[PDB]
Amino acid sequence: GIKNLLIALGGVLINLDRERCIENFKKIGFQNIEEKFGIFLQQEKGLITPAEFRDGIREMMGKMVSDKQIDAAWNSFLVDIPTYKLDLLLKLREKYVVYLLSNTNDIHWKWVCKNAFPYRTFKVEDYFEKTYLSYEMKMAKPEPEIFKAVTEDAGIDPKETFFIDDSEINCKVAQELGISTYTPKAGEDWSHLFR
């Protein structure tokens, strides 16, 4: 009897495009961008600041570039949330409590909130009871920490929580804590889970 849902961000909701990102980075002067990915892991845990991140990018980049240029290229990894997934979220809150559990960074998070979640009258606030972000939490999937940490703050029973995330390891760890999981494939429309 599932009462709650935990949803990942990437692939599951927002389409990703590594090639594009790589290319945009190269265009702005980062030659070995693809070997490079450090600060990414730190950023993800919010152990540094967007400021220091850009500096790190510049620093290993060997050139001075605009923060906008950098945010631009970094955000090009994100494509879009097909709007039918947004409908699905809203429809789902009718029968469940719905949380986001996402490994991400402030720069990305602000892009998705401005550019991807806004739909009709709705805003990121409208889809989730609460969003748990790695870089705010300071811990990241698949640390067991983060899963236990989420249920306690949320005050939800793990036995009654369904976790949807396209990373196997993340799912296996969540299962250990008693959570049920589905691992969607790239591009998968996982709406079939509720037919």
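When you see a residue number, it is the position in the sequence shown, counting from 1.
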Given 138-146 and 62-70, the range whose Cα B-factors average higher in the PDB entry: 62-70
Per the entry, where is the mean C-alpha temperature factor higher: 128-136 or 28-36? 28-36
Consider only the C-alpha atoms of the modelled residues in this chain, order them by B-factor as the entry records it, and name the third containing residue 161: lowest, middle or highest. middle
Can you tell me whether residue 52 has a C-alpha B-factor in the lowest, middle or highest third compared with the other modelled residues of the same chain? highest
Rank-wise, by C-alpha B-factor, drop residue 80 into the lowest, middle or highest third of its chain. lowest
Is the Cα B-factor recorded for residue 20 in the lowest, middle or highest third of its chain? highest
CA B-factor placement of residue 153, once the chain's modelled residues are sorted into thirds: highest
